[PDB]
Amino acid sequence: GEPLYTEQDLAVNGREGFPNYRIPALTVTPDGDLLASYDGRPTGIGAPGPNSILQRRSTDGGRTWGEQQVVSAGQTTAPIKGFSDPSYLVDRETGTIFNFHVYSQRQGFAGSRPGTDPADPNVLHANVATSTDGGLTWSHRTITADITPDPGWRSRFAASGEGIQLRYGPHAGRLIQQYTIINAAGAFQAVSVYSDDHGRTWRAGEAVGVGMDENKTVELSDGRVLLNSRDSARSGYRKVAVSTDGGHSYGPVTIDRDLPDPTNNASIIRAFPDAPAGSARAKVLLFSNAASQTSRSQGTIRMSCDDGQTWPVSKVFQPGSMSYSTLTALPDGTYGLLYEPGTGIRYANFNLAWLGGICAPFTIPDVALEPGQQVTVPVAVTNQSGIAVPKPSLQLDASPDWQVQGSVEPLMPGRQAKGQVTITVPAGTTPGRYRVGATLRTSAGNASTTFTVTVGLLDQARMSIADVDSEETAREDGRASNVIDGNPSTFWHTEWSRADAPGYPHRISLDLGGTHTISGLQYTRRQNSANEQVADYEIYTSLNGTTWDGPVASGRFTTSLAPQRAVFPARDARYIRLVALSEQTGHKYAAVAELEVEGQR
Ligand SMILES: CC(=O)N[C@H]1[C@H]([C@H](O)[C@H](O)CO)OC(C(=O)O)=C[C@@H]1O
Ligand SMILES: OC[C@H]1O[C@@H](O)[C@H](O)[C@@H](O)[C@H]1O
Ligand code: NA
């Protein structure tokens, strides 16, 4: 139908009683009012700031909003109290509404100490406010002692946004609110807090993962409970896990590389929460987060039509600053989106037509070629839409100097479809790894994927370390072999945990796995520290590993975070060596995240 996307600020920093507003929670009451909840932060900080939990209501479906009310009032006079980080949870069977949030006194999350006694000021308490009148009035309780079965859990907070009620399985009706805890080793873990008696009693299930943080659960088409987490170890992606016992416990936690995230909250919901179990509609998820890995920006909505296996459809809702966001399904079939644009709290409303997607995830493999060559790669489309598309097309977003064309056969319900992409890379094309975007376009919506075309770079998987002067292995993973694993987050670091480690020069030599015509090397510095950066360098090559030729190139690298090229006339070699002569400001150590070799495979 007709696309819809509108926005309207609900709180602006400096207005209506608070210098700063943060942390959105959004839900729909049983009578169909929208509730938006968020912190007022009189001092601009999270707990233990003397924060209040606030609420505005719309009775006209999101179009207009009432006065800002206090759900739980902070206290800036003694005794100091703060209430922060709200999460709504509606019990749709009894009509009760909950709003989970912290109760701080002297400590926030990081500083909370062990114990569950409400009168202990050094505990970050888990509160819930409860409303039986559609969010007009609230009672308050502290449930910390009910959700702390391990006395080692010295801190917790409900992940702000919106919790769920299971519709399926032996635990249908269960209320589930996600928490993060800090255990006795200082690890951040996720856990589900839940009630099977409509919120009279709450407990914690079993904690899962390390490097966890604010996390969210959603009931999948078969009643499994998918957990999606912010990654406090900052991979640049969401972490995921799944429960088969209604959120009591979760399996292994993995990194989901389909969901970039810059370490920030996010939400995931059923698109059709009333859909019957096992149904095509019950497999549809929407996800909201910041898609940049480096900043809270690029607010993106994604859609999965297969219980979160793939996310074929995505659209930007906020190109600029976008921190926390939380989705809720509205009764008129659109979606509410409450988020942080940097100026407070903002409410967006959109529909599936705006999203403009088709449930047709598809793959194109990565491929490698030389400058001046042409390659065709197969496309495979899994049509999940349940509809036929006679005339699909495939549009590629590559460097304009390349000639790139694609096609794809007619979509049939419940079928795989084949296509092809032909990529021609003019000669002279700068060696590197090039992201190409692909869009499957149809009259019924679009889907996308990407794939990488490697031009003029040798195969790292065939390489190995021939030698290195020095490497730290004891106090971190600085193995020389980290330069060729293709991961920009791992690095070679020269040894530093002993005093008798060497300064510069340092040296790392690669076996290319065979003889290749090569003409360059590309260096990528350590991304997360400044003082082990290679500066003056020489490059050598060799046919046997012992008689080195050169320097074939020499120079001084800069502090750029991007690959830096060192080129030399084409020559046949089985090994290449980088001698790092100096560090940028004369420090003792070298670190390198990646080395690529420019040459023909
Ligand atoms: C309870 C409170 O601390 N929650 C805060 C949360 C938390 O500190 C972090 O997620 C732990 O790693 O951080 C942030 C944030 O914008 O990043 C906002 C929340 O208000
Ligand atoms: O002292 C050497 C160390 O310096 C630290 O700050 C850094 O995290 C380590 O990678 C190592 O370089
Ligand atoms: Na690496």
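As the structure lists them, so they are numbered: ligands from 1, and atoms in each ligand from 1. All values below were derived from every heavy atom in this structure, side-chain atoms included, with hydrogens, water molecules and symmetry-related copies excluded. Counting begins at 1 with the first residue of the sequence.
Remark: ligand 1 atoms within the under-4.0 Å shell around heavy atoms of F188 are 12 (O). In summary, the atoms of ligand 2 found under 4.0 Å from a heavy atom of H493, numbered by their order in the structure, are 10 (O), 11 (C), 12 (O). The contact set between ligand 1 and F109, taken as ligand atoms under 4.0 Å from a residue heavy atom, comprises 3 (O), 11 (C).
At distances below 3.5 Å, not a single donor-acceptor pair connects side-chain atoms of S297 with backbone N or O atoms of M322. Checked by atom type and distance alone, the side chain of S243 pairs as donor or acceptor with a backbone atom of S249 at under 3.5 Å. One N or O on the side chain of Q318 and one on the backbone of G320 form a donor-acceptor pair closer than 3.5 Å.
Residue contacts with ligand 2: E476 is included, with a non-hydrogen atom under 4.0 Å away. At least one heavy atom of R41 sits under 4.0 Å from some atom of ligand 1. Using a 4.0 Å heavy-atom cutoff, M212 is absent from the residues neighbouring ligand 1.
By the 6.0 Å contact criterion, CZ on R57 is enclosed, its count of non-hydrogen atoms from other residues, nucleotides or ligands being greater than 12.
Using cut-offs of 30° and 60° on the angle between ring planes, the pair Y38 and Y21 is perpendicular. Ring planes of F317 and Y339: perpendicular class, angle over 60° (limits at 30 and 60°).
The nearest protein heavy atom to atom 2 (C) of ligand 2 is closer than 4.0 Å.
Partner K239 forms a salt bridge (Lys or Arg N to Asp or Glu O under 4.0 Å) with one of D231, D213, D261 and no other, that one being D231.
Taking 3.0 Å as the threshold, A593 counts as a candidate ligand of the Na ion (ligand 3), since one of its N, O or S atoms lies below it.
In terms of protein heavy atoms, atom 17 (O) of ligand 1 is closest to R296 NH2, 2.9 Å. For atom 7 (C) of ligand 1, the nearest protein heavy atom (residue, atom name, distance) is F157 CZ, 3.8 Å. The protein heavy atom nearest to atom 18 (C) of ligand 1 is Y324 OH, 3.0 Å.
Checking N265, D213, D85, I182 against atom 12 (O) of ligand 1, the nearest heavy atom belongs to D213.
Nearest N/O/S atom of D485 with respect to the Na ion (ligand 3) is recorded as OD1.
With a heavy-atom cut-off of 4.0 Å, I23 touches ligand 1 through its side chain alone.
Rounding to the nearest 10°, we obtain 160° for the angle at the Na ion (ligand 3) between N487 O and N482 O.
In this structure the side chain of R230 reaches within 4.5 angstrom of the side chain of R238, judged on heavy atoms. Taking the side chain as every heavy atom from C-beta outward, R106 and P48 never approach each other to under 4.5 Å.
The CG atom of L457 sits 7.5 Å away from the CZ atom of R601 when rounded to the nearest 0.5 Å.
Checked against a 3.5 angstrom limit, the closest N/O atoms of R526 and ligand 2 fall inside it.
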